[PDB]
Structure formats: C-alpha cells, structure tokens
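What follows is one structure encoded as structure tokens, with my remarks underneath.
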Amino acid sequence: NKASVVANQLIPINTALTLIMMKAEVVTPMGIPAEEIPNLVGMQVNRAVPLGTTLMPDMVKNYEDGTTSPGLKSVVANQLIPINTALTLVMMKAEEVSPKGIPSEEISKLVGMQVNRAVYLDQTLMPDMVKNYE
C-alpha cells in the first residue's frame with residue numbers, strides 16, 4: 001500500500017546504503033517500508049544486491065529494531081570485529097533478531113572474550129564461530 005524502501009542502484013556485499021541508493025517506491029514485494037529510513041540507512045547487506053531490490057529482512061541481518069518484545073534476544077556484533085579480538089558488551093548488542101545463535105545468558109562470563117573467527121558488522125553470534133564458547 002505505502003512506498004517500500006527499494007535500492008535504485010546495485011549494491012555490493014557488506015555496504016552501508018545511502019539516501020541516493022535508498023528509493024521509497026511503491027513496488028513489490030513489500031519488504032521494509034521507509035518508516036525507519038534513518039535506522040535502515042547505512043545497513044550492511046550479506047550479499048550483492050541487484051538494481052531495484054526491495055529491503056528484504058532475510059538478506060539483511062540486524063537492519064533495525066523491528067521486533068517489539070525481546071525474550072529471544074541473541075548477542076549480535078553491531079560493529080566489525082577482526083579475528084582474535086577481546087570484544088565486550090560495548091560492541092556486542094543482544095537484541096531479538098534471527099537467527100538465534102548464542103543468547104546473552106553467559107555473556108557476563110564471556111565479556112571481553114577473544115573470537116577465533118573474523119566478525120563482520122551487525123551479525124548474530126553463533127556457537128559454531130566461537131570455539132571457546134561454554
């Protein structure tokens with residue numbers, strides 16, 4: 001019904017979108033609308049986006065706070081962290097997002113733990129990536 005956020009140009013992998021790249025056109029499929037334009041802008045995609053691609057929640061990891069109640073809030077790396085780096089709650093954001101990798105129940109004991117793999121922008125933390133997880 002309303003205008004959806006569809007990228008006008010083609011975007012590469014892991015790239016923050018801009019105002020010129022984000023176009024509010026009324027087209028399908030209806031992915032994410034332009035309500036959280038300031039929150040969705042500069043989001044990093046998981047793969048290459050073609051031209052005229054609508055905002056899809058399955059292609060973007062943590063695009064914005066679309067979920068209302070937390071409950072199943074999993075830890076997510078809001079910023080990019082290099083391999084083997086003691087990251088703490090500052091860069092870790094445990095919010096309700098999919099998929100549900102590792103919850104924030106033992107984060108207090110792993111605060112400032114060194115990861116064994118490379119971490120990208122807003123990505124969900126998983127037990128398969130961390131080899132020193134409890």
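Chain identifiers are assigned as A, B, and so on, following the order in which chains appear in the structure tokens; residues are numbered from 1 within each chain, and ligands are numbered from 1 in order of appearance.
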
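DSSP on the backbone gives strand (DSSP E) for these parts of range 10-124 of chain A: residues 22, 23, 24, 25, 53, 54, 73, 74, 75, 76, 77, 86, 87, 92, 93, 94, 95, 96, 113, 114, 123 and 124 of chain A.
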
Residues from the last selection, N, CA, C and O atoms, saved as a PDB file, in the first residue's frame:
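Output contents, as saved in selection-v5.pdb:
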```pdb
ATOM      1  N   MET A  22      18.879   4.501  -1.457  1.00  0.00           N
ATOM      2  CA  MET A  22      17.559   4.079  -0.894  1.00  0.00           C
ATOM      3  C   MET A  22      16.417   4.855  -1.562  1.00  0.00           C
ATOM      4  O   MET A  22      16.280   6.052  -1.387  1.00  0.00           O
ATOM      5  N   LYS A  23      15.597   4.174  -2.326  1.00  0.00           N
ATOM      6  CA  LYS A  23      14.455   4.853  -3.014  1.00  0.00           C
ATOM      7  C   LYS A  23      13.121   4.391  -2.411  1.00  0.00           C
ATOM      8  O   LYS A  23      12.867   3.207  -2.285  1.00  0.00           O
ATOM      9  N   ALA A  24      12.268   5.317  -2.043  1.00  0.00           N
ATOM     10  CA  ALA A  24      10.947   4.935  -1.450  1.00  0.00           C
ATOM     11  C   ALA A  24       9.896   4.776  -2.559  1.00  0.00           C
ATOM     12  O   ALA A  24       9.055   5.634  -2.762  1.00  0.00           O
ATOM     13  N   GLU A  25       9.943   3.679  -3.277  1.00  0.00           N
ATOM     14  CA  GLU A  25       8.955   3.447  -4.377  1.00  0.00           C
ATOM     15  C   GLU A  25       7.887   2.440  -3.934  1.00  0.00           C
ATOM     16  O   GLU A  25       8.162   1.524  -3.181  1.00  0.00           O
ATOM     17  N   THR A  53      16.237  -3.438  -5.911  1.00  0.00           N
ATOM     18  CA  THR A  53      15.969  -4.532  -4.923  1.00  0.00           C
ATOM     19  C   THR A  53      15.246  -3.973  -3.693  1.00  0.00           C
ATOM     20  O   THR A  53      15.720  -3.055  -3.052  1.00  0.00           O
ATOM     21  N   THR A  54      14.110  -4.529  -3.354  1.00  0.00           N
ATOM     22  CA  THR A  54      13.361  -4.037  -2.153  1.00  0.00           C
ATOM     23  C   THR A  54      14.109  -4.425  -0.868  1.00  0.00           C
ATOM     24  O   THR A  54      14.936  -5.319  -0.868  1.00  0.00           O
ATOM     25  N   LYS A  73      16.325 -12.688  22.696  1.00  0.00           N
ATOM     26  CA  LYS A  73      17.373 -11.717  22.248  1.00  0.00           C
ATOM     27  C   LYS A  73      18.748 -12.397  22.181  1.00  0.00           C
ATOM     28  O   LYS A  73      19.320 -12.778  23.187  1.00  0.00           O
ATOM     29  N   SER A  74      19.280 -12.546  20.994  1.00  0.00           N
ATOM     30  CA  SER A  74      20.618 -13.194  20.836  1.00  0.00           C
ATOM     31  C   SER A  74      21.708 -12.121  20.712  1.00  0.00           C
ATOM     32  O   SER A  74      21.458 -11.023  20.248  1.00  0.00           O
ATOM     33  N   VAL A  75      22.913 -12.433  21.122  1.00  0.00           N
ATOM     34  CA  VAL A  75      24.025 -11.434  21.029  1.00  0.00           C
ATOM     35  C   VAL A  75      24.380 -11.179  19.558  1.00  0.00           C
ATOM     36  O   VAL A  75      24.530 -12.101  18.780  1.00  0.00           O
ATOM     37  N   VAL A  76      24.503  -9.932  19.177  1.00  0.00           N
ATOM     38  CA  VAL A  76      24.840  -9.599  17.759  1.00  0.00           C
ATOM     39  C   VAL A  76      26.023  -8.625  17.716  1.00  0.00           C
ATOM     40  O   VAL A  76      26.086  -7.682  18.481  1.00  0.00           O
ATOM     41  N   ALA A  77      26.952  -8.836  16.816  1.00  0.00           N
ATOM     42  CA  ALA A  77      28.121  -7.908  16.715  1.00  0.00           C
ATOM     43  C   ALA A  77      27.698  -6.647  15.955  1.00  0.00           C
ATOM     44  O   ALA A  77      27.691  -6.622  14.743  1.00  0.00           O
ATOM     45  N   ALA A  86      39.485  -9.453  21.813  1.00  0.00           N
ATOM     46  CA  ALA A  86      38.646  -9.488  23.053  1.00  0.00           C
ATOM     47  C   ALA A  86      37.508  -8.463  22.953  1.00  0.00           C
ATOM     48  O   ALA A  86      37.663  -7.308  23.309  1.00  0.00           O
ATOM     49  N   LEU A  87      36.367  -8.882  22.464  1.00  0.00           N
ATOM     50  CA  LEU A  87      35.208  -7.944  22.332  1.00  0.00           C
ATOM     51  C   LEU A  87      34.319  -8.028  23.580  1.00  0.00           C
ATOM     52  O   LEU A  87      34.135  -9.087  24.150  1.00  0.00           O
ATOM     53  N   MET A  92      29.098  -5.786  21.461  1.00  0.00           N
ATOM     54  CA  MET A  92      28.054  -6.859  21.416  1.00  0.00           C
ATOM     55  C   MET A  92      26.675  -6.289  21.773  1.00  0.00           C
ATOM     56  O   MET A  92      26.495  -5.676  22.808  1.00  0.00           O
ATOM     57  N   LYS A  93      25.701  -6.499  20.922  1.00  0.00           N
ATOM     58  CA  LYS A  93      24.325  -5.986  21.197  1.00  0.00           C
ATOM     59  C   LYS A  93      23.331  -7.153  21.225  1.00  0.00           C
ATOM     60  O   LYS A  93      22.916  -7.651  20.194  1.00  0.00           O
ATOM     61  N   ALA A  94      22.952  -7.597  22.399  1.00  0.00           N
ATOM     62  CA  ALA A  94      21.991  -8.739  22.499  1.00  0.00           C
ATOM     63  C   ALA A  94      20.552  -8.252  22.281  1.00  0.00           C
ATOM     64  O   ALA A  94      19.887  -7.809  23.201  1.00  0.00           O
ATOM     65  N   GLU A  95      20.071  -8.339  21.067  1.00  0.00           N
ATOM     66  CA  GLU A  95      18.674  -7.895  20.766  1.00  0.00           C
ATOM     67  C   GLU A  95      17.882  -9.043  20.129  1.00  0.00           C
ATOM     68  O   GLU A  95      18.449 -10.026  19.685  1.00  0.00           O
ATOM     69  N   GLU A  96      16.577  -8.927  20.086  1.00  0.00           N
ATOM     70  CA  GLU A  96      15.747 -10.014  19.486  1.00  0.00           C
ATOM     71  C   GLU A  96      15.882 -10.011  17.958  1.00  0.00           C
ATOM     72  O   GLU A  96      15.247  -9.235  17.268  1.00  0.00           O
ATOM     73  N   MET A 113      35.867 -11.597  25.543  1.00  0.00           N
ATOM     74  CA  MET A 113      36.470 -12.890  25.088  1.00  0.00           C
ATOM     75  C   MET A 113      37.063 -12.732  23.682  1.00  0.00           C
ATOM     76  O   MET A 113      36.563 -11.976  22.869  1.00  0.00           O
ATOM     77  N   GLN A 114      38.125 -13.443  23.394  1.00  0.00           N
ATOM     78  CA  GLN A 114      38.752 -13.340  22.042  1.00  0.00           C
ATOM     79  C   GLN A 114      38.087 -14.327  21.077  1.00  0.00           C
ATOM     80  O   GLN A 114      38.015 -15.514  21.340  1.00  0.00           O
ATOM     81  N   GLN A 123      26.053  -8.784  12.955  1.00  0.00           N
ATOM     82  CA  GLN A 123      25.875 -10.234  12.641  1.00  0.00           C
ATOM     83  C   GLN A 123      25.493 -10.991  13.916  1.00  0.00           C
ATOM     84  O   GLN A 123      25.920 -10.645  14.999  1.00  0.00           O
ATOM     85  N   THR A 124      24.700 -12.023  13.797  1.00  0.00           N
ATOM     86  CA  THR A 124      24.302 -12.800  15.011  1.00  0.00           C
ATOM     87  C   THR A 124      25.459 -13.699  15.466  1.00  0.00           C
ATOM     88  O   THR A 124      26.079 -14.381  14.669  1.00  0.00           O
TER      89      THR A 124
END
```

Which residues, written as a VMD selection string, have at least one atom at most 6 Å from residue 88 in chain A, with only C-alpha atoms counted and residues fewer than 2 positions away on the same chain left out?
chain A and resid 90 111 to 112

Nearest candidate to residue 127 in chain A (options A:108, A:61, A:103, A:81; using only C-alpha atoms):
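Answer, going by the shortest atom-to-atom distance: A:103.
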
Could you name the residues that touch residue 56 in chain A at 9 Å or less, counting only C-alpha atoms, but leaving out those on the same chain fewer than 4 positions away, as a PyMOL selection string?
chain A and resi 29-32+60

Separation of CA of residue 70 in chain A and CA of residue 98 in chain A, in Å?
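It comes out at 11.7 Å.
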
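From CA of residue 11 in chain A back to CA of residue 48 in chain A, the distance works out to 5.8 Å.
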
So which one's closest to residue 42 in chain A, A:15, A:68, A:104, A:132? Using only C-alpha atoms, please.
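Among A:15, A:68, A:104, A:132, it is A:15 that comes nearest to residue 42 in chain A.
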
From a backbone DSSP assignment, name each residue in range 18-132 of chain A labelled alpha helix (DSSP H), as an mmCIF file with N, CA and C atoms, in the first residue's frame.
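Result went into states10.cif, see below:
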```cif
data_model
loop_
_atom_site.group_PDB
_atom_site.id
_atom_site.type_symbol
_atom_site.label_atom_id
_atom_site.label_comp_id
_atom_site.auth_asym_id
_atom_site.auth_seq_id
_atom_site.Cartn_x
_atom_site.Cartn_y
_atom_site.Cartn_z
ATOM 1 N N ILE A 37 13.655 4.853 8.024
ATOM 2 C CA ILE A 37 14.656 5.274 6.992
ATOM 3 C C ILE A 37 16.022 5.606 7.636
ATOM 4 N N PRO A 38 16.018 6.376 8.711
ATOM 5 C CA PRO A 38 17.298 6.733 9.389
ATOM 6 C C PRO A 38 17.942 5.500 10.050
ATOM 7 N N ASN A 39 17.149 4.530 10.453
ATOM 8 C CA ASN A 39 17.719 3.302 11.095
ATOM 9 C C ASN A 39 18.203 2.319 10.020
ATOM 10 N N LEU A 40 17.433 2.146 8.970
ATOM 11 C CA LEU A 40 17.827 1.204 7.875
ATOM 12 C C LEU A 40 18.999 1.761 7.059
ATOM 13 N N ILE A 107 26.954 -14.215 28.589
ATOM 14 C CA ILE A 107 27.786 -13.079 28.078
ATOM 15 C C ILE A 107 28.583 -12.434 29.223
ATOM 16 N N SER A 108 28.019 -12.376 30.412
ATOM 17 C CA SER A 108 28.751 -11.771 31.573
ATOM 18 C C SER A 108 30.066 -12.523 31.826
ATOM 19 N N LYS A 109 30.073 -13.821 31.623
ATOM 20 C CA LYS A 109 31.322 -14.614 31.839
ATOM 21 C C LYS A 109 32.231 -14.537 30.601
ATOM 22 N N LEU A 110 31.665 -14.301 29.437
ATOM 23 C CA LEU A 110 32.496 -14.216 28.193
ATOM 24 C C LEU A 110 32.772 -12.753 27.801
#
```

Non-local contacts of range 115-121 of chain A (6 Å; only C-alpha atoms; under 2 positions in same chain excluded) as a tab-separated table (two decimals) with N, CA and C atoms, in the first residue's frame:
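around.tsv was written with the following content:
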```
chain	number	residue	atom	x	y	z
A	78	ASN	N	27.32	-5.61	16.66
A	78	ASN	CA	26.87	-4.35	15.99
A	78	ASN	C	27.94	-3.80	15.04
A	79	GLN	N	29.19	-3.83	15.43
A	79	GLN	CA	30.28	-3.30	14.54
A	79	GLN	C	31.15	-4.45	14.02
A	80	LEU	N	32.12	-4.14	13.19
A	80	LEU	CA	33.01	-5.21	12.64
A	80	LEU	C	34.16	-5.50	13.60
A	81	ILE	N	34.36	-6.76	13.92
A	81	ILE	CA	35.47	-7.15	14.84
A	81	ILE	C	36.42	-8.11	14.12
A	82	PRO	N	37.70	-7.80	14.16
A	82	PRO	CA	38.70	-8.65	13.48
A	82	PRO	C	38.91	-9.98	14.23
A	83	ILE	N	39.40	-10.98	13.53
A	83	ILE	CA	39.63	-12.32	14.18
A	83	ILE	C	40.52	-12.17	15.42
A	84	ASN	N	40.29	-13.00	16.42
A	84	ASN	CA	41.10	-12.95	17.68
A	84	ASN	C	41.11	-11.53	18.28
A	85	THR	N	39.99	-11.11	18.82
A	85	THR	CA	39.90	-9.76	19.44
A	85	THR	C	38.98	-9.81	20.66
A	123	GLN	N	26.05	-8.78	12.96
A	123	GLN	CA	25.87	-10.23	12.64
A	123	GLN	C	25.49	-10.99	13.92
A	130	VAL	N	32.43	-19.36	17.46
A	130	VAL	CA	33.30	-19.26	18.68
A	130	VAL	C	33.69	-20.66	19.16
```

My list of candidates is A:35, A:99, A:50, A:41. Which is closest to residue 9 in chain A when distances are computed with only C-alpha atoms?
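Among A:35, A:99, A:50, A:41, it is A:50 that comes nearest to residue 9 in chain A.
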
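Interatomic distance, CA of residue 51 in chain A against CA of residue 7 in chain A: 6.5 Å.
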
Leaving out residue 26 in chain A and any residue of its chain fewer than 3 positions from it, which residues lie within 7 Å of it when counting only C-alpha atoms, given as a ChimeraX atom specification?
/A:2-4
